[PDB]
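Accompanying notes for the structure given below.
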Amino acid sequence: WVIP
Amino acid sequence: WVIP
Amino acid sequence: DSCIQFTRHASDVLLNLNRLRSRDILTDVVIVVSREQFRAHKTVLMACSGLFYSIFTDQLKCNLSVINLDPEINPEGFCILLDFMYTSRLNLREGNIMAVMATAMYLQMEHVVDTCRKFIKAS
Amino acid sequence: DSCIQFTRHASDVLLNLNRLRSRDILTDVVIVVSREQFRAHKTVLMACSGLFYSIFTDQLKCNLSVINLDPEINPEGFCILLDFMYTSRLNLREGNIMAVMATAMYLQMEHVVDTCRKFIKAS
Ligand SMILES: CN(C)c1ncc(Cl)c(Nc2ccc3c(c2)CC(=O)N3)n1
Ligand SMILES: CN(C)c1ncc(Cl)c(Nc2ccc3c(c2)CC(=O)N3)n1
Ligand SMILES: [Cl-]
Ligand SMILES: [Cl-]
């Protein structure tokens, strides 16, 4: 999971 | 396009 | 093999599937969650959820145009997860995380359940 | 928004859609190319091809279970492109590049046409  |  | 690969292809496919969903093009099922109705593509639901995968591989249920979820399922939690299925983006907030985790456990969306558990453990 | 994103989600969706195709699950159309028949999902074809997008948004053609392509279309070129649609992987070889480019131009798959033009220019 990432900060888009 | 890339070499997978 | 000796194949070449287009990096953005999967993301571009998903973006177009979401565009079809938003215009209600070739949607073949309505998911009923309490009073709320959500139109979707059976194939996308199966590709994202262990529960829908089991439902639509069933010789009888594969032909249903309406699927009613358990009354304990929260429509907002479902909406956030349906958006995630079509975008890869999860709108996880303090006010919805419990409903999102419970809906993801029911829908059998292992990666969402994992991030919800980690975010809850941090708080 | 304040969303989080799962990097592998789009790739995982496409992998599952290819698994459904390989088991012939929820395929709703057969594409006829000369003598050869290819089963697929209308939504995936639309998401990948400008030609299928135009065909299946047409109020009459959207309901067809069989689509016959132009007799000039090579079945092997189509097979390679159908595999690309479901995997992001293109089996481009010296012996098939002309048939692949011609099929991609007909199917309106802009990124494939671009890589074929570049590979041809290099040789
Ligand atoms: C497991 N399998 C062969 C398969 N083939 C095709 C599809 Cl569409 C599919 N989808 C599916 C099944 C289980 C799970 C998911 C998708 C997501 C998840 O967390 N569990 N799973
Ligand atoms: C252009 N548009 C709004 C849109 N919405 C939904 C879909 Cl499924 C779609 N697909 C499509 C159209 C044109 C092209 C492609 C897909 C690939 C391409 O090279 N040209 N295009
Ligand atoms: Cl997931
Ligand atoms: Cl393309």
Practice item. Would you please list the contacts, defined by Cβ atoms under 6 Å and residues six or more apart or on different chains, that run from a residue in the stretch C:87-111 that is in contact (Cβ under 8 Å) with a residue 24 or more places away in the chain and closer than 21 Å to residue C:15 by Cβ to a residue that is assigned to a helix (DSSP H, G or I) and among the small types (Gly, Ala, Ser)? Key: C:88/D:10
Check your understanding: Among the residues of the stretch D:65-77, is there at least one that is within 14 Å of chain C (Cβ to nearest Cβ), away from ligand 2 (no atom under 13 Å from the Cβ) and surrounded by fewer than 13 Cβ atoms within 10 Å (Cβ to Cβ)?
Key -> yes
Point to revise | Residue satisfying condition, being of a type in the set (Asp, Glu), more than 10 Å from every other protein chain (Cβ to nearest Cβ) and either touching an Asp or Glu at 6+ places or on another chain (Cβ under 6 Å) or under 17 Å from residue C:28 (Cα atoms) (or both), within set D:28, D:58 | key: D:58
Review point. Residue C:107 is checked against (1) within 16 Å of ligand 2 (Cβ to nearest atom); (2) closer than 18 Å to residue C:56 by Cβ and fails just one. What number does that condition carry?
Key: (1)
Check your understanding: Residues in the stretch D:34-51: is at least one within 16 Å of ligand 2 (Cβ to nearest atom), in a helix (DSSP H, G or I) and more than 22 Å from residue D:103 (Cα to Cα)?
Key -> no
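Please find, within the stretch D:5-42, the residue that is farthest from residue C:8 (Cα to Cα) out of those that are of a type in the set (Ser, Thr, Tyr) and in contact (Cβ under 8 Å) with a residue 12 or more places away in the chain.
Filtering first and then ranking leaves D:34.
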Study note, to complete from the structure: Note on the stretch C:112-123: residues facing chain D (nearest Cβ under 10 Å) and either among the small types (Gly, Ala, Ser) or more than 21 Å from residue D:12 (Cα to Cα) (or both) are C:119
Review point. What residue, of D:42, D:61, is more than 14 Å from residue C:16 (Cβ to Cβ) and among the charged types (D, E, K, R)?
Key: D:61
Point to revise | Residues being under 18 Å from residue D:13 (Cβ atoms) and either within 16 Å of ligand 1 (Cβ to nearest atom) or surrounded by 14 or more Cβ atoms within 10 Å (Cβ to Cβ) (or both) - total across the stretch C:18-38 | key: 11
Exercise for review: Sort through C:98, C:46 and tell me the only one that's among the hydrophobic types (A, V, I, L, M, F, W, C) and within 16 Å of ligand 3 (Cβ to nearest atom).
Suggested key: C:46
Practice item. Those residues that are away from ligand 4 (no atom under 16 Å from the Cβ) and closer than 21 Å to residue C:27 by Cβ, I need them from the stretch D:1-16; list them, please. Key: D:9, D:13, D:16
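Could you list all residues from the stretch C:1-33 that are among the aliphatic types (A, V, I, L, M) and assigned to a loop (DSSP other than H, G, I, E, B)?
Going through the stretch C:1-33, the residues among the aliphatic types (A, V, I, L, M) turn out to be C:4, C:10, C:13-15, C:17, C:20, C:25-26, C:29-33.
Across the stretch C:1-33, the qualifying residues are C:25, C:26.
Every number in this text was worked out from the coordinates using simple rules, so none of it is lab data. Neighbour counts are summed over all protein chains in view; Cβ atoms, including those assigned to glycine, are modelled from backbone coordinates with ideal geometry.
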